[PDB]
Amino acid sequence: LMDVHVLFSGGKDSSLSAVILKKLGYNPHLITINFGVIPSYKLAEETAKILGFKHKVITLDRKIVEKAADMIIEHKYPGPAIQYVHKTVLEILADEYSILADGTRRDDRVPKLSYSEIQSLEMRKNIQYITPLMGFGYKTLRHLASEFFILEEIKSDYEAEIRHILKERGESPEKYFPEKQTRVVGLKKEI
């Protein structure tokens, strides 16, 4: 199979992105980003074991999420900060990997590269950026998750570490982020 490096969170739809890539004949190499602040990659690592997929944690420069924290404090809205982290991350991985994918969904607002942005990336660094969920609305994703996974209400992306930095600074993260996590617990079908 052809190799694809997938930004992976361990959630419902993140796991869906990895499963789709498998069925189309890719060998999905799951990667989760950590900036050496707190080990928030655990959930993703676990669910990758469950998914039956190779997982790796790549550590990046904390400075990236420090700046993100700044942007949160600067804008209140997290969009800009998150756009910054995600983009920078892709630019980084694109210097190592030729085929990249993540779980950006149709209904998502951020992270989300624009058209020119995607083109630029693929052209400048000679890679393929793949977003399998791009064509899939909320209802469809919901249907597909419930066909593929056994799911569960529990109560691994950049948010945990960023929020952590905020706490350290004296800022309440709750102010900058909303309230809602579901866990993939097993397969109903086989990938």
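All residue numbers refer to positions in the sequence shown, first residue = 1.
Q: Do any residues of the deposited sequence lie unmodelled between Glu179 and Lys180, and which range holds their number: none, 1 to 3, 4 to 9, or 10 or more?
A: Going from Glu179 to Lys180, the model skips 1 to 3 residues of the deposited sequence.
Q: Do any residues of the deposited sequence lie unmodelled between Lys155 and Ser156, and which range holds their number: none, 1 to 3, 4 to 9, or 10 or more?
A: In the deposited sequence, 4 to 9 residues between these two have no coordinates.
Q: In the PDB record, does 105 to 113 or 77 to 85 carry the higher mean Cα temperature factor?
A: Looking at the record's C-alpha B-factors, the answer is 105 to 113.
Q: Do the CA atoms of 10 to 18 or those of 170 to 178 have the higher mean B-factor in the entry?
A: Taking the mean C-alpha B-factor of 10 to 18 and of 170 to 178, the larger value falls to 170 to 178.
Q: Among the choices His29, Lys125, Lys67, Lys49, identify the one whose CA B-factor in the record is greatest.
A: In the PDB entry, the greatest C-alpha B-factor among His29, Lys125, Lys67, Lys49 is found at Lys49.
Q: Taking the chain's C-alpha temperature factors as the reference, tell me which third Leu151 falls into: lowest, middle or highest.
A: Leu151: CA B-factor falls in the highest third of its chain.
Q: By the recorded C-alpha temperature factor, relative to the other modelled residues in its chain, which third is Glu45 in?
A: According to the entry, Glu45 has a C-alpha B-factor in the chain's highest third.
Q: Please say which third, lowest, middle or highest, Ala160 falls into when its CA temperature factor is compared across its chain.
A: Middle third, going by the recorded CA B-factors of the chain.
Q: By its CA B factor, does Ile38 count among the lowest, middle or highest third of the modelled residues in the chain?
A: Answer is highest: the recorded C-alpha B-factor places it there.
Q: Can you tell me which third, lowest, middle or highest, the CA B-factor of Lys63 falls into for its chain?
A: Its C-alpha B-factor, which the entry lists for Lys63, ranks in the lowest third among residues of this chain.
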